[PDB]
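Coordinates from protein_18.cif are shown below (mmCIF, C-alpha atoms and all ligand atoms).
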data_model
loop_
_atom_site.label_atom_id
_atom_site.label_comp_id
_atom_site.auth_asym_id
_atom_site.auth_seq_id
_atom_site.Cartn_x
_atom_site.Cartn_y
_atom_site.Cartn_z
CA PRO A 1 12.98 -1.56 -13.77
CA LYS A 2 12.14 -1.60 -10.06
CA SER A 3 8.79 -0.43 -8.74
CA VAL A 4 7.02 -0.04 -5.43
CA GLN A 5 3.94 -2.25 -5.14
CA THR A 6 0.50 -0.98 -4.08
CA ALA A 7 -2.96 -2.19 -3.09
CA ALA A 8 -6.09 -0.06 -2.77
CA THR A 9 -9.57 -0.24 -1.27
CA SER A 10 -12.47 2.22 -0.90
CA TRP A 11 -15.87 2.46 0.80
CA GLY A 12 -18.99 4.61 0.92
CA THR A 13 -19.89 7.58 -1.21
CA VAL A 14 -17.34 10.21 -0.13
CA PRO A 15 -15.44 7.88 -0.60
CA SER A 16 -12.84 6.80 1.90
CA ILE A 17 -9.79 5.38 0.10
CA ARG A 18 -6.80 3.54 1.57
CA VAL A 19 -3.67 2.90 -0.51
CA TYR A 20 -1.00 0.52 0.84
CA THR A 21 2.56 0.69 -0.51
CA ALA A 22 5.26 -1.96 -0.06
CA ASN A 23 8.66 -0.28 -0.36
CA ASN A 24 12.00 -1.66 0.85
CA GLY A 25 10.34 -4.26 3.06
CA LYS A 26 7.98 -1.79 4.79
CA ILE A 27 4.26 -1.34 4.09
CA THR A 28 2.76 2.08 4.83
CA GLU A 29 -0.70 3.56 4.35
CA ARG A 30 -2.09 6.73 2.75
CA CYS A 31 -5.69 7.76 3.43
CA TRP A 32 -8.38 9.90 1.79
CA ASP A 33 -11.69 10.85 3.46
CA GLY A 34 -12.63 13.63 1.04
CA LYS A 35 -10.35 16.42 2.28
CA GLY A 36 -6.73 15.63 1.46
CA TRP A 37 -4.33 12.69 1.59
CA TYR A 38 -2.71 11.85 4.93
CA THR A 39 -0.59 9.11 6.47
CA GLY A 40 -2.51 6.28 8.13
CA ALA A 41 -1.69 4.29 11.25
CA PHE A 42 -0.86 1.08 9.39
CA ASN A 43 2.84 0.20 9.45
CA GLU A 44 3.96 -3.43 9.20
CA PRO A 45 6.77 -5.30 7.44
CA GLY A 46 6.27 -6.78 4.01
CA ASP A 47 7.43 -6.86 0.40
CA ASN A 48 4.00 -7.58 -1.15
CA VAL A 49 0.55 -6.36 -0.12
CA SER A 50 -3.08 -7.02 -0.97
CA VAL A 51 -6.23 -5.67 0.69
CA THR A 52 -9.98 -6.17 0.89
CA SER A 53 -12.64 -4.40 2.95
CA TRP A 54 -16.36 -4.69 3.69
CA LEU A 55 -19.05 -2.75 5.58
CA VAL A 56 -21.35 -4.01 8.30
CA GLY A 57 -23.89 -1.24 8.46
CA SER A 58 -21.79 1.90 8.63
CA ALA A 59 -18.71 0.18 10.15
CA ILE A 60 -15.70 -0.58 7.90
CA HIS A 61 -13.54 -3.68 8.29
CA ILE A 62 -10.20 -3.91 6.45
CA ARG A 63 -7.93 -6.92 5.93
CA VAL A 64 -4.36 -6.37 4.65
CA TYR A 65 -2.31 -9.37 3.53
CA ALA A 66 1.40 -8.60 3.98
CA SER A 67 3.94 -11.07 2.59
CA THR A 68 7.63 -11.45 3.42
CA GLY A 69 9.21 -14.48 1.80
CA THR A 70 6.74 -17.36 1.93
CA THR A 71 4.92 -16.05 5.03
CA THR A 72 1.74 -14.00 4.62
CA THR A 73 0.47 -12.11 7.67
CA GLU A 74 -3.10 -10.81 7.85
CA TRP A 75 -3.65 -7.47 9.55
CA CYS A 76 -7.13 -6.46 10.68
CA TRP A 77 -8.82 -3.08 11.12
CA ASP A 78 -12.22 -3.26 12.82
CA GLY A 79 -12.60 0.32 14.08
CA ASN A 80 -10.12 0.51 16.97
CA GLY A 81 -6.61 -0.47 15.83
CA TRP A 82 -4.70 -2.95 13.68
CA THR A 83 -4.38 -6.50 15.05
CA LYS A 84 -2.89 -9.68 13.64
CA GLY A 85 -5.49 -12.03 12.14
CA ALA A 86 -5.93 -15.80 12.12
CA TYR A 87 -4.96 -16.25 8.44
CA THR A 88 -2.46 -19.02 7.62
CA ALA A 89 -1.48 -20.55 4.26
CA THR A 90 -2.50 -23.96 2.84
CA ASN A 91 0.90 -25.64 2.83
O1 LIG A 101 -8.74 7.68 10.20
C1 LIG A 101 -7.63 7.02 9.62
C2 LIG A 101 -7.62 5.54 9.97
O2 LIG A 101 -7.94 5.34 11.33
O3 LIG A 101 -8.61 4.93 9.14
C3 LIG A 101 -8.73 3.52 9.32
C4 LIG A 101 -7.42 2.82 9.01
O4 LIG A 101 -7.13 3.02 7.63
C5 LIG A 101 -6.32 3.40 9.89
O5 LIG A 101 -5.06 2.80 9.60
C6 LIG A 101 -6.25 4.91 9.69
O6 LIG A 101 -5.26 5.50 10.54
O1 LIG A 102 -9.70 -11.36 14.15
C1 LIG A 102 -10.59 -10.95 13.12
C2 LIG A 102 -10.89 -12.10 12.17
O2 LIG A 102 -11.57 -13.14 12.83
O3 LIG A 102 -11.69 -11.55 11.13
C3 LIG A 102 -12.04 -12.48 10.09
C4 LIG A 102 -10.79 -13.04 9.43
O4 LIG A 102 -10.11 -11.96 8.79
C5 LIG A 102 -9.92 -13.70 10.49
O5 LIG A 102 -8.72 -14.23 9.92
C6 LIG A 102 -9.60 -12.69 11.59
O6 LIG A 102 -8.84 -13.31 12.62
#
Do you think you could lay out the structure here as structure tokens?
Ligand SMILES: OC[C@@]1(O)OC[C@@H](O)[C@@H](O)[C@@H]1O
Ligand SMILES: OC[C@@]1(O)OC[C@@H](O)[C@@H](O)[C@@H]1O
Amino acid sequence: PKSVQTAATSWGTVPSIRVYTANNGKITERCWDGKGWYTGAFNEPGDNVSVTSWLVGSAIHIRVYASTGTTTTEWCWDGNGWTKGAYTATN
């Protein structure tokens, strides 16, 4: 059977949670900061998604790896918007 594909990350003690869903070639984002789920700003093409995040002090940084075909694109959140990162594959 078919299934959407998700990736999740969280930070802090509230916590904040971000869940990324690849569905029909589009990746969207759902967010929790303790008071209900809502739709996040992230919207990029892809059929597979992974994510990692880390804190520097109180500031979150998120990296989303979106794959279409053999091409993986890294998207970066650093507090002020999503930008394309420097990631490229080995071969
Ligand atoms: O406050 C929500 C938000 O700014 O949190 C950080 C990232 O998850 C963004 O995509 C998202 O819109
Ligand atoms: O632009 C932000 C950046 O430098 O952050 C660290 C890595 O995620 C890099 O690929 C990325 O380009």
message = Taking all atoms listed in the file into account, which residues have an atom no farther than 10 Å from ligand LIG 101 (chain A)? I'd like them as a list in words.
response =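 Counting all atoms listed in the file, the residues within 10 Å of ligand LIG 101 (chain A) come out as residues 9, 16, 17, 18, 19, 20, 28, 29, 30, 31, 32, 33, 38, 39, 40, 41, 42, 43, 60, 61, 62, 76, 77, 78, 79, 80, 81 and 82 of chain A.
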What box, with edges along x, y and z, holds each listed atom of region 36-46 of chain A when 8 Å is added on every side, and can you state its centre and edge lengths in Å to one decimal, as JSON?
{"center_x": 0.0, "center_y": 4.4, "center_z": 6.4, "size_x": 29.5, "size_y": 38.4, "size_z": 25.8}
key: 8 Å shell around ligand LIG 102 (chain A) using only C-alpha atoms and all ligand atoms, listed as a list in words   = residues 63, 74, 75, 76, 78, 83, 84, 85, 86 and 87 of chain A
note = re CA of residue 6 (chain A) and CA of residue 45 (chain A): distance 13.8 Å
Top pick for closest residue to residue 10 (chain A), considering A:55, A:22, A:48, A:27 and counting all atoms listed in the file = A:55
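A straight line drawn from CA of residue 11 (chain A) to CA of residue 51 (chain A) is 12.6 Å long.
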key: Atomic separation - CA of residue 35 (chain A) relative to CA of residue 64 (chain A), Å   = 23.7 Å
ask   = Quick one: of A:34, A:1, A:25, A:46, who's nearest to residue 13 (chain A), counting only C-alpha atoms?
value =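 For residue 13 (chain A), the nearest of the given residues is A:34.
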task = Go through A:71, A:65, A:23, A:89 and flag the residue nearest residue 53 (chain A), using all atoms listed in the file for the distances.
result =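 Checking each candidate against residue 53 (chain A), we get A:65 as the closest.
The nearest approach to residue 58 (chain A) among the residues A:3, A:91, A:70, A:12, with all atoms listed in the file taken into account, belongs to A:12.
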